[PDB]
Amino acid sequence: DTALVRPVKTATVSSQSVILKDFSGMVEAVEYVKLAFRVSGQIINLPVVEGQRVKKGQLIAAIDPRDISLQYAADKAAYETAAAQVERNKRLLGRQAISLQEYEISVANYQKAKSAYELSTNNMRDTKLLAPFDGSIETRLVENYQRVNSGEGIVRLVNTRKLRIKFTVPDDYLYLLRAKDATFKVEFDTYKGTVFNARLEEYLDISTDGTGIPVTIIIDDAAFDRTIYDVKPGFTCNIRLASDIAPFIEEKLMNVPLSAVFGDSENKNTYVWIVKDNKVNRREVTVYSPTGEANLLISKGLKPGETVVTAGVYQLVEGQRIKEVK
């Protein structure tokens, strides 16, 4: 019956002109960026941990702003006094009430005060070390309440904006890489069963050198959640390249093995068994034929002039009598 499970060989229906190739690739190494303060001080906040995913602008660490804050307020006051004194002297010189010498001294003093206040403004901002890009904390190099200098490594942050995959394509497959709208689908060996769309980043094309075509692709798929799919440099994967080498074809033809197609004792129709949820269902198909009824080329087993049955093949046994009908 239908409950009797039958072992069957199967195949996937393929578009005549779509070429498919599988390549082995690897997730590219990423350069760890050493994050450091631009000022010296004592860390008073280290709110991130190793493995944490951070966003651009997020706080990594902060130093005690006490001393820098004191210099800032003193440089602020000195700037405000120098600025007020130059504006006053502009008015005094404009009516010739002061010497140019005295005015010049006040301009030079203002730039000195301005430069000092600009430096303290930067030092104040630099008490908070922020993530320069979206990334992950690879390593925490310091401890909280530890004293550090400028340029001293605080954390190692790896950029996670792009997941790059490198593979090499045989030189003879350059036409497949050049085909319009060629697609790339990635399946990671560590996460088999889930396929992700990828886009071309670049490929080195010097087919002349016979050394293969190095290709770089980037994962470009909304389903690629790195909190779920933890892919690291060195991880291997399969890259499926799909190229339609004849997109101009009007009526698209499908490939199926001859052994998939069968007839009916009641008609001249052709069928296949479609496999859906490990069950079969009959499907009527039209075999491509240029003129009239589909014909086969036979390389062995027949001589010209012999007579074969073309209708009624399922209702016959060896040696059975027949009547030829039109």
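Residues carry their position along the shown sequence, with the first being 1.
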| query | finding |
| --- | --- |
| Of 49-57 and 28-36, the one with larger mean CA B-factor | 28-36 |
| Average Cα temperature factor in the PDB entry - higher stretch of 279-287, 58-66 | 58-66 |
| Deposited CA B-factor, highest of 127, 106, 243, 71 | 71 |
| Residue with highest C-alpha B-factor in the PDB entry, from 238, 216, 111, 139 | 139 |
| Among modelled residues of the same chain, the CA temperature factor third for residue 326 | highest |
| Ranked C-alpha temperature factor of residue 292 among modelled chain residues, by third | highest |
| Chain third (lowest, middle, highest) by recorded CA B-factor, residue given as residue 168 | lowest |
| For residue 133, the third of its chain into which the C-alpha B factor falls | middle |
| Among modelled residues of the same chain, the CA temperature factor third for residue 8 | lowest |
